[PDB]
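**Student:** first chunk of the complex, coordinates as they sit in the assembly:
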Amino acid sequence: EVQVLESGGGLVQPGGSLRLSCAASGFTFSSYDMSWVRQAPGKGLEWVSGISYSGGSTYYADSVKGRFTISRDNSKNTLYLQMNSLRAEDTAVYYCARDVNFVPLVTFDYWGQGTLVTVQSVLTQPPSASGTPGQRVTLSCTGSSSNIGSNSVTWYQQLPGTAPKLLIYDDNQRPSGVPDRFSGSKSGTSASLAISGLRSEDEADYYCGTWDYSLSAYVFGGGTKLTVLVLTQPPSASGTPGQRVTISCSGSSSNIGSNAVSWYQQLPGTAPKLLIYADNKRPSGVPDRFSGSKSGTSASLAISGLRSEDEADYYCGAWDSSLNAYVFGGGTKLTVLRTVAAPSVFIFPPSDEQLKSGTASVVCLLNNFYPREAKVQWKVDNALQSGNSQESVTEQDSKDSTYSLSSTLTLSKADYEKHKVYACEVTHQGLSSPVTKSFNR
């Protein structure tokens, strides 16, 4: 802990006096330079003053030159700012910042919480910069040969309502705790910060600070409030039993990137079962092979060691922060690669209660066949049906892992006796030679 508490801020009147005291613990307070920095309510940071390790050299901003006295008592390891002959412009929040390095390469790492005292910037940093998630935004400081060119440029990220935080020091490096996402840059008399990829936590004010060997002050930057501006799933994945199938769905940042994805397994005719509830985690009661992993915007459900119980519709669902809806995936139809079976072919002439009912529904069946692709053509004595027969195939068998199809031809009562023979020809890979039972009237 290198915390620096601070107090002494309250309601005062113009032309008065105020003693601000901040106490530093956890480090050798008598060896590090410190400084007082000021932030007007809703305005960029303004560096009040700064005192060296020994307290011998003191530096003051020319806006407050000649009326603020910075002092440092190393015995109690505390540091004071004596504000005298105050003005109306001094109403702000005050921090005392630890200086990591000597001047001129000033580096403010640890900052006080903030004391609310009630009573132009050299670096022409842009007032604001708008970014988008995943973008590469370069927010560029600007100074003279005394500000940027000769001394280190340090970048502070101040979240709304918190003390500033160091991001970049010495023009290039980052502290232990800053993601590499942020990158410093400096060229001639112009510095910059590059944020590659943005998140919701990059919404903050970014300030560039540099010492001056001519102005003899640590000028800050101005504002630059950085602003950030359907689960597409495969229709039918498949794999052989014992394989590891990857069902990868993808939505958006609002759909899945920033929300917990879930994976459900709906077997035919049954309610879905949640197999994955977090981006990775798995509920108890589910086999350990059902792994889940969300990388960025793509969530992968890995099913290892397929079996006859693993064939089902695997949906991925995630809440939408924008649309405000728990959007599901398209629905991956997982099927196991079985050896091609032999379609057992049957046919039934319509019963006499069909004749008593006024219709004739003649049925042809193909049982225990793989794969799903198969055709049935109603050859009624070398004649093909014209868009009257209807057929639906079963789902893959829960144990045999095979298909069953039934084609029904629903013809008129008088149409049954006007013809003599009805038959159904089958086209499948398992039976190159067509098989057909030609029943007669």
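**Tutor:** Received it, and whenever you're ready, just let me know what you need. Residues are numbered from 1 along each chain as shown, chains lettered A, B, ... in the order given.
**Student:** which parts of chain A are helices?
**Tutor:** Remark: helices assigned in chain A by DSSP state H are A:352-357, A:413-417.
**Student:** deepest-packed of those helices, please.
**Tutor:** Neighbour counts (mean count of other C-beta atoms under 10 Å) averaged over each of the helices of chain A peak at helix A:413-417, with a mean of 13. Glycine gets a C-beta too; all of them are placed from N, C-alpha and C.
**Student:** output it as CSV, nothing but the C-alphas.
**Tutor:** As requested, the backbone C-alpha atoms of helix A:413-417 are provided in CSV (Å, rounded to 0.1, in the frame of the first residue of the first chain):
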residue,chain,number,x,y,z
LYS,A,413,-62.5,-42.5,-53.6
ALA,A,414,-63.3,-43.0,-57.2
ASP,A,415,-59.6,-42.6,-58.1
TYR,A,416,-58.7,-45.8,-56.2
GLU,A,417,-60.7,-48.1,-58.5
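**Student:** now the closest residue to residue A:196 other than its chain neighbours: how far from residue A:222?
**Tutor:** Leaving aside its chain neighbours, residue A:196 sits nearest to residue A:136 (4.8 Å; criterion: C-beta to C-beta, 6 or more residues apart in numbering). Distance check for residue A:136 against residue A:222: by C-beta to C-beta, to the nearest Å, it reads 22 Å.
**Student:** repeat for residue A:246
**Tutor:** Distance from residue A:246 to residue A:222, counting by C-beta to C-beta: 50 Å.
**Student:** one more chain, chain B:
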Amino acid sequence: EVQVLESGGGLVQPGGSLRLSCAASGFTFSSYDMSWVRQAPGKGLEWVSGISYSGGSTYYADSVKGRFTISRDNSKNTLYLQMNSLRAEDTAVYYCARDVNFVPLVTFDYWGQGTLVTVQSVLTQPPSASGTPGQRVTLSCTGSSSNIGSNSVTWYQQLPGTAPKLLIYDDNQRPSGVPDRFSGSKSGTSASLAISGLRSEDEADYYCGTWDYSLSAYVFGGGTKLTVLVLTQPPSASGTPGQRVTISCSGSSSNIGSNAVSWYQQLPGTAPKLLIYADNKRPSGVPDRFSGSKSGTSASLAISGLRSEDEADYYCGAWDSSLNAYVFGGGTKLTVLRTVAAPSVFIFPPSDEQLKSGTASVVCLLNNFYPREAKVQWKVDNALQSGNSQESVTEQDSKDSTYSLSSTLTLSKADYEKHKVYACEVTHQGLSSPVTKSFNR
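**Tutor:** Alright, chain B goes in next:
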């Protein structure tokens, strides 16, 4: 810890005396037999002497019989070798080895670090044996009925420049810390060690040691230094979006086997971006899906979850130890498998400034079409152009992931008015019926 430190080795002269003392801690030093073993620089182990648990029975090698006195003081738990009337052959490194078991089944597990003293083998173990990785090498000791047949055979693996390490004891077993890879064997008067599969850590000297009930010494084995014995890249890989594409390039041992491969992604019209820098590792700022893996001489770049931003030229580059050049890869042109689009066909008659310029460049365009394969034939009133029209297709669109092609026919100024109608016929999969706008003069 059963460590045994040892000291007392230094520069001496022939015919002198030297006291070597080794101190053992962590075990009951007064209950285990110990011994002094000697290794001439660049020569196999030679067992100097050995003293029992009580210090009552002492055994000496006949090469050093009558001039070395082994002694043991259990009170301080230390053990001494008094070398007297030294010879030139005694310049070596000395170890004191703890004996796990009684004699004759001697078993040397813990060894001293080695004291450098400066001043034939009974077991005819082969001088050397050459092996290959993953091989099954049998290095066979050989002795008489007194060496191998009656007493346990223990195998020590001495890494270059370290103390020996026990591998096999009692002809069959292994210590707690030796992989099962090593297997002892003994038949009659011939012992052997079998290493099934070899690695870089099996490069060592393997010695067979056995007691003698006739010679009354622990003879070692001799040596047996076990010894282990353009980036061709696909021109255009592809895959559907969401798939995992493997771009596998291969060079040589000098190209890629012994040097770190790197994978770069050059989007059309932009500088390449390093996606992989090590054989496996990935720089920050690159999506985690870009995996890399170098197996032997073949490096694989795996791109999982393709998108409209993933289409680029993926090069693999590796330094050459022989040619001394960062040999790169042919350049894999990755493209995403999009649904075949409809080529929007347009044509433009040459402007009148073409006539004022002296040429006529008539252009035909096919926009938003997939795949890359498409043809344009300039049908100038049922006549085909003869090698004058030139065309170049765009790269796959950064967002639409489709192609755009333009064919330009550059004919003479007088050639434009000598004919009346010019037209361009298109051949593509997306438009079976050709589409053409027949402009007129």
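**Student:** tell me how many other residues crowd the residue in the stretch 301-441 of chain A that chain B sits nearest to.
**Tutor:** Proximity of the stretch 301-441 of chain A to chain B (C-beta to the nearest C-beta) peaks at residue A:332, 11.2 Å away. Neighbourhood size, residue A:332 [other C-beta atoms under 10 Å in any protein chain shown]: 22.
**Student:** same thing with the one 5 residues further on?
**Tutor:** Other residues near residue A:337 come to 14 when the count uses other C-beta under 10 Å.
**Student:** one more: residue A:44?
**Tutor:** Neighbours of residue A:44 under the rule other C-beta under 10 Å: 19.
**Student:** how about the residues of the stretch 151-300 of chain A near chain B?
**Tutor:** Counting by C-beta under 8 Å from any C-beta of the partner chain, the stretch 151-300 of chain A comes close to chain B at A:180, A:196, A:197, A:234, A:246, A:248, A:250, A:295, A:296, A:298.
**Student:** my guess is residue A:361 contacts residue A:412. True?
**Tutor:** No - if you go by C-beta atoms under 8 Å, residue A:361 and residue A:412 don't touch, sitting 11.0 Å apart.
**Student:** please save the CA atoms from stretch A:264-282 in PDB.
**Tutor:** Backbone C-alpha positions of stretch A:264-282 (Å, rounded to 0.1, in the frame of the first residue of the first chain) are rendered in PDB as follows:
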ATOM      1  CA  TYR A 264     -29.200 -25.700 -24.700                       C
ATOM      2  CA  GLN A 265     -29.700 -29.200 -26.100                       C
ATOM      3  CA  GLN A 266     -33.300 -29.900 -27.300                       C
ATOM      4  CA  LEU A 267     -33.800 -33.500 -28.100                       C
ATOM      5  CA  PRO A 268     -36.700 -34.200 -30.500                       C
ATOM      6  CA  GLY A 269     -40.100 -33.800 -28.800                       C
ATOM      7  CA  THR A 270     -38.600 -32.700 -25.400                       C
ATOM      8  CA  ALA A 271     -37.900 -29.500 -23.700                       C
ATOM      9  CA  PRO A 272     -34.400 -28.100 -24.000                       C
ATOM     10  CA  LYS A 273     -31.800 -28.900 -21.400                       C
ATOM     11  CA  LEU A 274     -29.200 -26.200 -20.500                       C
ATOM     12  CA  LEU A 275     -25.800 -27.700 -21.100                       C
ATOM     13  CA  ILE A 276     -23.700 -24.500 -20.600                       C
ATOM     14  CA  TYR A 277     -24.800 -21.600 -18.500                       C
ATOM     15  CA  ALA A 278     -21.700 -19.300 -18.300                       C
ATOM     16  CA  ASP A 279     -19.300 -18.600 -21.100                       C
ATOM     17  CA  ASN A 280     -17.400 -21.700 -20.000                       C
ATOM     18  CA  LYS A 281     -19.000 -23.200 -16.900                       C
ATOM     19  CA  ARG A 282     -21.300 -26.200 -17.000                       C
END
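**Student:** add chain C to the structure above, sequence below:
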Amino acid sequence: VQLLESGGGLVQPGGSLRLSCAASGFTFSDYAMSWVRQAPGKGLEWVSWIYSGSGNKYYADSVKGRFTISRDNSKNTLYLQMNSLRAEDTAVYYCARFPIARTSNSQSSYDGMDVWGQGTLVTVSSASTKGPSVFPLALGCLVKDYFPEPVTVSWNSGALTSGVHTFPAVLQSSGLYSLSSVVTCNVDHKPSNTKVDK
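**Tutor:** One more piece, chain C, placed on the ones above:
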């Protein structure tokens, strides 16, 4: 833990009715609740979601205004008033418990639709009902001209279970569904409330 839905049946187009979901086996007030729609032979279409009556109720973009979800923690029930019903809403409604409260060590379907009820079936159609007609045919039995889906078809009243394959019903020209059970047949049609043993 069990959620039982009631109120699924014949609905005239533009009609009004009330799905009631009795939830038992868990502290009903602690978990959010939701309704999920599944058109026959189609995917899961989220209907609506609620946690507190006084809070914000969330609805699908296609049902905003014509649906109203509510809770009754005293009765441990979740109510869905659907009014001015449109044709595409003929479906199966599942009452799903959406946990929104994760505790320290107890890790439980936080934010996942945890448990789904059996689901009722709502038919938004002006067509009237018609009793199933059973016709005996591997022994089989057709069940034709019943409205609406579903009908519970079985062999020997569930005594003979192995080999009983049921294929989904079809939408015929008359708009009347038909299945067949293949290996007496029990055909039970709840909407028309007829039990037939053939």
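**Student:** contacting residues around residue 164?
**Tutor:** All of this is about chain A. Going by C-beta atoms under 8 Å, 6 or more residues apart in numbering or on different chains, residue A:164 touches A:37, A:45, A:95, A:97, A:108, A:111, A:156, A:157, A:158, A:207.
**Student:** actually, chain C is the one I wanted.
**Tutor:** C:154, C:155, C:181, C:182, C:183.
**Student:** what do you get if the cut-off is 10 Å, keeping everything else the same?
**Tutor:** By C-beta atoms under 10 Å, 6 or more residues apart in numbering or on different chains, the contact set of residue C:164 is C:140, C:153, C:154, C:155, C:156, C:158, C:181, C:182, C:183, C:185.
**Student:** circling back: okay, the contacts of residue A:164 in TSV with neighbour count and distance to residue B:426 next?
**Tutor:** As requested, these are exported to TSV (neighbours: other C-beta atoms under 10 Å in any protein chain shown; distance: C-beta to C-beta, whole Å):
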residue	neighbour count	distance to residue B:426
A:37	27	68
A:45	27	63
A:95	24	69
A:97	28	69
A:108	29	66
A:111	23	67
A:156	25	59
A:157	22	55
A:158	19	59
A:207	28	58
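**Student:** all the helices of chain C, in order from the start?
**Tutor:** Shown for chain C, no helices are assigned by DSSP H.
**Student:** state the distance from the nearest residue to residue A:143 once chain neighbours are set aside to residue A:141.
**Tutor:** Spatial nearest neighbour of residue A:143, excluding adjacent residues (C-beta to C-beta, 6 or more residues apart in numbering or on different chains): residue A:123 at 4.8 Å. Relative to residue A:141, residue A:123 is positioned 5 Å away (C-beta to C-beta).
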